[PDB]
Amino acid sequence: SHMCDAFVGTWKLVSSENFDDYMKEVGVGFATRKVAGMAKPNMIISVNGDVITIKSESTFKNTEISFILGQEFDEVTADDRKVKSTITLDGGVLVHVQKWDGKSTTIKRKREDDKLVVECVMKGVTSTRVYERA
Ligand SMILES: Cc1ccc(S(=O)(=O)NC(=O)N[C@@H]2C[C@H]3C[C@@H]2[C@@H]2CCC[C@H]32)cc1
């Protein structure tokens, strides 16, 4: 057993707050915000050795990233940003930092009760999204 066991599995979005405002702060345009905000993704998290894979499946986009903790990678986000990402585990929280164009946003994922809580932060704006097991 290991590092991310309590994250592994298939998760479905159950609630969202402030996500449109977070996307505005990131610079996402109107049409993408509307369709991405309407998405109800399933997030599939798996681990094979040191490699973690996070898939997000929705009617808007299907994305997949694989990474090793602490080891930067290039990512194309669902909103079509080309970012440099680093994901670490900090006190049991997965911390995903994306850098692009001199900007930075952080996505934190943590287990709380039977939920996986996703917090997206861009400057002063936070969005909180709650997933439950599928
Ligand atoms: C389509 C969709 C998939 C997942 C979420 S999420 O907010 O639940 N998880 C993320 O991983 N968020 C990231 C914060 C930026 C990047 C990614 C998300 C894609 C659109 C812009 C946000 C929200 C929408």
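One is the number of the first residue; the rest follow in order along the sequence. The basis for the numbers below is simple: all heavy atoms, side chains too, and nothing from hydrogens, waters or symmetry mates. Start at 1 and go down the list; that is how both ligands and their atoms are numbered.
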task: Could you tell me whether some N/O pair between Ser58 and ligand 1 is separated by less than 3.5 angstrom?
output: no

message: Below 3.5 Å, N or O to N or O, backbone or side chain included: is there any such pair between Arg129 and ligand 1?
response: yes

Suppose we measure from [atom] to each protein heavy atom; which comes out shortest, and what is that distance?
{"atom": "atom 14 (C) of ligand 1", "value": "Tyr22 OH, 3.6 Å"}
{"atom": "atom 22 (C) of ligand 1", "value": "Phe19 CZ, 3.9 Å"}
{"atom": "atom 8 (O) of ligand 1", "value": "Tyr131 OH, 2.7 Å"}
{"atom": "atom 12 (N) of ligand 1", "value": "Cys120 SG, 3.9 Å"}

Taking only heavy atoms of [X] into account, list the atoms of ligand 1 that are under 4.0 Å away from them.
{"X": "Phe60", "value": "1 (C)"}
{"X": "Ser56", "value": "3 (C), 4 (C)"}
{"X": "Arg81", "value": "15 (C), 16 (C)"}
{"X": "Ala78", "value": "19 (C)"}

For [atom], which candidate among [options] provides the closest heavy atom?
{"atom": "atom 2 (C) of ligand 1", "options": "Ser85, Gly37, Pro41, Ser127", "value": "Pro41"}
{"atom": "atom 21 (C) of ligand 1", "options": "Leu13, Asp79, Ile65", "value": "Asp79"}
{"atom": "atom 11 (O) of ligand 1", "options": "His96, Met43, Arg109", "value": "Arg109"}
{"atom": "atom 13 (C) of ligand 1", "options": "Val83, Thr77, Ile107", "value": "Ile107"}

- prompt: Distance below 4.0 Å between atom 17 (C) of ligand 1 and any protein heavy atom?
  reply: no

Parallel, tilted or perpendicular, as decided by the 30° and 60° cut-offs, for the rings of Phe73 and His96: tilted

Is there side-chain contact between [X] and [Y], with at least one heavy-atom pair below 4.5 Å?
{"X": "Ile68", "Y": "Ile52", "answer": "no"}
{"X": "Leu94", "Y": "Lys108", "answer": "no"}
{"X": "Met43", "Y": "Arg109", "answer": "yes"}

task: Can you run down the salt bridge (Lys or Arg N to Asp or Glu O under 4.0 Å) pairs that involve residues 77-86, sequence neighbours left out, and say none if there aren't any?
output: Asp74-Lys84, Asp79-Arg81

message: The test is salt bridge (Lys or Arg N to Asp or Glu O under 4.0 Å); show your working for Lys110 and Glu119 and say whether it passes.
response: CA-CA 9 Å; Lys110 66 184 59 79; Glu119 291 169 0; 3.1 Å; yes

field: Exercise: do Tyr22 and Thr105 side chains pair donor with acceptor under 3.5 Å
entry: yes

task: Would you sort out whether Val95 and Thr106 count as a side chain to side chain contact (heavy atoms under 4.5 Å, CB included), showing the intermediate values?
output: CA-CA 7 Å; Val95 181; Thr106 298; 3.8 Å; yes

message: Checking side chain to side chain contact (heavy atoms under 4.5 Å, CB included) between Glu75 and each of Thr63, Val83, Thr86, which is the one that passes?
response: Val83

query: Looking at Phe19, is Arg129 sitting on its ring face, NZ or CZ under 6.0 Å from the six-membered ring centre and within 45 degrees of the normal?
result: yes

